[PDB]
């Protein structure tokens, strides 16, 4: 991808199957390139640069705590995660890395890893910019926004689990989850860390499952919905660069359907809810487009979406329990449960937001 490119406005959701330069994506290999391109673009304009594995990484396990040590260019940091094990299952256990513990019921036979994303990158308010262990290592002025920093952290947790089998976690069966602000984070983690087999963003709304374009449209129609321009003023989740496009979203060579598509063909189950601020119709329209990535790869049932009525924020509803379990069993436990789950009480509005077709990738 050229270092210098000229952005152009696109009112609708960007075509997932056409490279930025216009080349058509017709093969699975080509889509892999397209994904790398979308990740590159997303990092450049919205989330900031994602660092690779640090030069120094060591770990140790004691009690139920995993300690991770990272070093890079003379700098070094240390952080920990706590682990809870299931009453059922066989060790090494598959596990879900939960931001702040997440807000989902602990799955049967699945271990829970409590990831304190705040310590990796603070999210108290705008003043948290550049504060956190990630920055203590890469620098206060690193372009990475908090969500990218968090994702980097998750990757380090996985590296550590690979180094310490004594933690008794199956590194080939790791998922990620988070609710509300941590949901946006979980989405980014699944997108940036390919080792994650199941991504469970819970009620992530703006910055997560919602598309910037659809939320803006809804706002202009009078909806009390969170949008890009308003969200960047609450915390440093996105790169500072993003503040330059927040009020001109159409020029972005992507949207969150692109972000979600980075997870394909891996497991993804979006757990949503009807709360106006989240923008449920924007999330559904957005994810409907994202789903086309899996449809193209011939694995439609690897991505699910569910919004059923309304309920208290982050209080996981019983009417979604069987759906979550289906995805957990398939991706974390290796079962073949049915995962054809894609519903919302809102209209996707595909004719309005999607003007591209979905190819059968070779």
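Numbering follows the first chain given and starts at 1.
For the two regions 100-108 and 118-126, the entry's Cα B-factors average higher over 118-126. Mean CA B-factor, 29-37 versus 305-313: the higher value falls on 29-37. Set against one another, the Cα B-factors of 65, 300, 335, 319 in the record reach their highest point at 335. The residue among 288, 172, 241, 215 whose C-alpha atom has the highest B-factor in the PDB entry is 241.
Residue-level temperature factors show residue 193 in the middle third of its chain, judged at the C-alpha atom. In this PDB entry, residue 253 carries a Cα temperature factor that places it within the middle third of its chain's modelled residues.
In this PDB entry, residue 201 carries a Cα temperature factor that places it within the lowest third of its chain's modelled residues. In this PDB entry, residue 328 carries a Cα temperature factor that places it within the lowest third of its chain's modelled residues. Residue 292 sits in the lowest third of its chain by CA B factor, as recorded in the PDB entry.
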